[PDB]
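# A closer look at the structure
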Amino acid sequence: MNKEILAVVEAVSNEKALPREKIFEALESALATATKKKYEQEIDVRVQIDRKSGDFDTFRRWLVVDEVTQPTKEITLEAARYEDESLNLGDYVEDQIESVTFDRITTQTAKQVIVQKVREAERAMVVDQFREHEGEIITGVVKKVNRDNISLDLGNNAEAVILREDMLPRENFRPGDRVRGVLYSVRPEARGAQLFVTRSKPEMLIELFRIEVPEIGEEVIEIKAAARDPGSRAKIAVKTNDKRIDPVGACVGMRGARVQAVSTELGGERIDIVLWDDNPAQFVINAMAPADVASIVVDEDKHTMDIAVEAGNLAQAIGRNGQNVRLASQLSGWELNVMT
Amino acid sequence: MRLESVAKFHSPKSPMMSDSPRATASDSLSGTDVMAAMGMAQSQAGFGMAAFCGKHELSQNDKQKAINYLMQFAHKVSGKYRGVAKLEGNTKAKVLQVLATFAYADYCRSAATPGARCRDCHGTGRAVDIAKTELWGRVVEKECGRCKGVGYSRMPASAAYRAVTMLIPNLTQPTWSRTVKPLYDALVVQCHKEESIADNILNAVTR
Amino acid sequence: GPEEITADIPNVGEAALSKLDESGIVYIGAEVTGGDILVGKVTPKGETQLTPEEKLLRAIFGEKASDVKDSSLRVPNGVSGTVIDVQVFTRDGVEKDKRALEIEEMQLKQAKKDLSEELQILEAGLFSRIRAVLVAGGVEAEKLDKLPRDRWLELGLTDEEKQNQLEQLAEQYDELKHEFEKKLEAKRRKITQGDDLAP
DNA sequence: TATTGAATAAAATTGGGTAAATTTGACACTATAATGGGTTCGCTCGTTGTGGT
DNA sequence: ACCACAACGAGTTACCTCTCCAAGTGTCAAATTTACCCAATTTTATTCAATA
RNA sequence: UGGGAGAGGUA
Ligand SMILES: [Zn+2]
């Protein structure tokens, strides 16, 4: 007789994004741990609380091993002969009957283990709300900064984390304002924080262009490569199979509208739009703009270019402290050399 | 997490009103060993403890401690902001002092600041929608439209601007927003960061 | 909620629970020290919140005040010494304890031994009186002491004044037994009645 | 080749008000006749104001 | 102008132990709060060109 | 918890 499991199934039921069998597993692990700690002998009793009755029978376990320690769980092949060799070497089934009592020490350790189980079950709730949609621009309010991370939320008691290295260098987020970020690939097994969200990745700019531009949305214009100097300067690479709509004019929009939108959403980062081409030589003479081309030596084995450049455009060709050469090399994959 | 219990413990002895008191055990902690743990956790993470006690108006002397630590942080961090990095010594010390004091008053500002509570919600930021109660029957809540949910009038950053242009007169509002105000927001983010790391070190001590 | 005195004390170590018994009271003879427990009395703290954790707790166990504040009597500091006497008083209606039953049984056995020695010496004096009136009436010395003293009533003779005195001291010994068991019952109900404690 | 001041649009704030909920405080319970109260000393010595032939 | 009454205040310091110290409940007018509108008003990041 | 009386005691 148990009206209490009936309270589990209707009266003290969970939030409805959590299954009932996990709650039954939580309570069965709770009573198993409670009878485990209470017995003075080192018995790893695992009790099978059957679902429909509520009451149960305490089950001290036994695994088929040939070791010398743990006699309370040490059964052998000749003990598996009692069930005549119909099992496996090492599974922890039982062949015993025990009883159960209650105590306030059992109550408090059961409270500890059930708040651990509902904690990891809520963690699995955030796991399935992550795995329902893989990679998108999201918005949450920052609520508690830290030394190495910025904790976030997505509503419904979810949490996300901006780490230190994947944010803007000009970040200033007082707790209480809404920020934009992209969850990319989080750890569903992480016991602490899981949802790793960035603000200074190429995935950020391409997802921002995806939500911004409808022809990125429906695959008319496509972006192939990207380049980032976070907060200051950027480059992305555009090719297009369609011949109707102007690609660069489309992604700059009406008087630099889309570029200024991503620039103010990114923090003043000068995203410099440039074409993507398939062939290496003509791709890179398209790609180092606004620098000028004298002669190009294309190298295959160590994946580099050699660029002759006339005098006058060296500063805007290299950027500031080698910014443009570095950004163009991690754009194209070919690191650049200086030639006059 | 851990820190606000110590702010409960900084009060005087309050009278109890219940039946049989005095558990007389070490169930949670005493009231003196929490202060001893605050002392043990002061050699590291003293910024956040000073800022927390100055924010919650318990031990109203470490407001100056938090302003001094913020001034030291601004002196260490001022070499990345173009508006402040070109000024001379005592003038840069005085602008760092005035924006440190205003940044700390902006961090301190909650619904208990005199003259800062919302007019309608009285700080709760949660009013009752009468139409949803009339159609649903039950009682509902909504966001207080005047305060927009936060429950208090926020501190405008232009107060520090008005208090610095009595000293730097040739600094207008666009360059204030362009190369001065990020330092101010860096100061308030540093206040929140130091309070979080002090709560973390407190929980590491009293564990 | 009403408090209770039981050995079940939350969040304390089992070293301090060795000095207590299974009923929540310290053993007679245990050398206690400062900061030790003598009697385990817990207090209901109060519900005041409805979280799923405490809802599952009160579902799985039924300890409907599962937050309890341990307010046991502890010995004050700097004080030591053994335990030489434990007295447990109870009010009416409440069933007391196993330990209070044991103290009650010990007091009952002691009072019954005292009343048994009282009855032994009183029947000794009464049988000395019937021996005195028997030797005043007739001369019977060997035939009275060759037979046991408790069966000094079935011996008789011709009906006379001494036979009337023999039967009247027989019924006086019977009503002595009557008031003896009445004293027993009064002592038993006096040590079994609940105490007139404070409200 | 940047950076900065005038202008600016959008959002947050603020003082005032205002119609409509809603809380506050007060009441309310009824007939034979009945008609002026129970405290305080052996408990020394200096000062100071208040009232008195 | 020059004397007998009430009342205040004072009486060391610190420490120790003990005992003892009914019932909402319905109703009614007036005052008060409260959720909302809104015009003004301030704030703050963004733009244009003009120097740097 | 922690307040007030009364009683006795120590220097
Ligand atoms: Zn409000």
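For each chain, numbering begins from 1 and proceeds through the sequence as written. The entry may number the same residues differently, and residues missing coordinates are not shown. Each chain gets a letter, beginning with A, and each ligand a number, beginning with 1, in the order they are written. This view covers only part of a larger assembly, and the values given relate to that part. Each side-chain value is derived from all of the structure's non-hydrogen atoms; neither hydrogens nor water enter the calculation.

In the PDB header, cryo-EM is given as the technique by which the entry was determined, and 3.36 Å as its resolution.

## A closer look at the side chain of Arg123 of chain A
Residues and elements named next belong to chain A. Only runs of H or I of at least four residues qualify as helices and only runs of E of at least two qualify as strands under DSSP, and these elements are numbered from the N terminus. Mapped onto the elements, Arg123 comes out in helix α4 (residues 104–131). Whether a residue is buried, partly exposed or exposed follows from its accessible area with a 1.4 Å probe, protein chains only, as a fraction of its type maximum: under 20%, in between, or over 50%, in that order. Here the positive residues are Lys and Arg and the negative ones are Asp and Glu; neither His nor the chain ends is included. Only one rule defines a salt bridge in this text: a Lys or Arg side-chain nitrogen within 4 Å of an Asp or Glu carboxyl oxygen. One buried charged residue, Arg123, forms no salt bridge at all, with the nearest opposite charge on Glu120 at 4.5 Å. Definition of a polar contact: a pair of N or O atoms within 3.5 Å, with one able to donate and the other able to accept a hydrogen when the atoms are protein atoms, and with sequence-neighbouring residues admitted only if both atoms are side-chain atoms. For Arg123, the side chain forms a polar contact with the main-chain oxygen of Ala190, separated by 2.9 Å. Pairs of residues are marked as contacts when any of their non-hydrogen atoms sit within 4.5 Å. Each residue touching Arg123, except ones within four places of it in the same chain, is listed here: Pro188, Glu189, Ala190, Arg191 and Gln194.

## Regarding the sheet that holds strand β14 (residues 338–339) of chain A
All names here are of chain A. At least two bridges found by DSSP between two strands are what make those strands a pair. If you trace the 3 strands from one edge of the open sheet to the other, you get β12-β13-β14, paired in mixed fashion. Only two strands of the sheet have a single partner each, and these edge strands are β12 (295–298) and β14. Sheet analysis places strand β13 (residues 305–308) next to β14, joined by 2 bridges and oriented parallel. Its bridge partner being in β14, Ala308 is matched across the sheet by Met339.

## Quick word on the protein's contact with DNA strand D
Any residue with a heavy atom lying within 4 Å of a molecule or strand is counted as near it. With respect to spatial proximity, 13 residues lie near DNA strand D, and among them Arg320 of chain A together with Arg82, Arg119, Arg146 and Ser153 of chain B are the closest. Here, DNA strand D places atoms within 4 Å of the protein, and 46% of those atoms are sugar or phosphate. The separation between a base oxygen of DNA strand D and a polar side-chain atom of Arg146 of chain B is 2.6 Å. Per-element accounting of the surface near DNA strand D gives the leading share, 3 residues, to helix α8 (residues 173–179) of chain B. Its residues assigned to classes, the surface near DNA strand D shows 2 nonpolar, 4 polar and 7 charged. Under the scheme applied, nonpolar residues are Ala, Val, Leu, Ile, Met, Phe, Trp, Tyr, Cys and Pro; charged residues are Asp, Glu, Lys and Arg; polar residues are all the others, including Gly.

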